[PDB]
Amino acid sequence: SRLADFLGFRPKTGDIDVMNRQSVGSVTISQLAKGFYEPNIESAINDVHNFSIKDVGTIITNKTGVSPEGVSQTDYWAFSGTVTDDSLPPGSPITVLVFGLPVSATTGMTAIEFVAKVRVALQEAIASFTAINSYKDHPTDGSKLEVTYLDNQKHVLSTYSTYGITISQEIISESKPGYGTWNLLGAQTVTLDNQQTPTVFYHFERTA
């Protein structure tokens, strides 16, 4: 169990949206088993989660032909400076945190050299399925890396400096809401009632 299970949540008065009988956030057996008996955040989030995901086989219709599937954000991670820590002799091994990822560097490294070590940290995050989906080298800049996340949430990271290296984010493509896997079944032309102009609808089915 985590903090959320034990953080109180104030349910809406008269709310019975959960299985036609109780309010979002109502305590569940999961909390009772740990000795908590109040409506809580864990329960509330799980409830809304259950309201938003439609069953496989469900159909979503739109007039754009754009998939309902979510899209992950992709950025450029940029670096500048020289790894510095004057309290240590040149070439001393140190750990530098890059947006939370521990990077093994050495004092004296230029940004170009440092970036090579960031590649290794990204590989490790990817391998443990932690936040990072994939990365690629920048085609014309050795001090930048392209990174794509696992989730499709929006991330705006603050620029900062650590051990002489300035780290910043440059958003390349925005994320897009959505979930699951959807298949374009096709199009259906329909002339709405009492109208003469036809409208083309595109139907998507959730396959996974």
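In case it trips you up, residue 1 is the first one in the sequence shown, and so on.
For the pair 7-15 and 194-202, the record assigns the higher mean C-alpha temperature factor to 194-202. Note on the listed residues 41, 157, 172, 59: the highest Cα temperature factor in the record is that of 172.
Note on the listed residues 132, 101, 88, 115: the highest Cα temperature factor in the record is that of 88. Ranked by C-alpha B-factor against the other modelled residues of its chain, residue 176 falls in the lowest third. In the deposited entry, the Cα temperature factor of residue 97 places it in the lowest third of its chain's modelled residues. Residue-level temperature factors show residue 28 in the middle third of its chain, judged at the C-alpha atom. Placement of the Cα temperature factor of residue 164 within the chain: middle third of the modelled residues, per the deposited record. Remark: residue 70 belongs to the lowest third of its chain, ranked by C-alpha B-factor as recorded.
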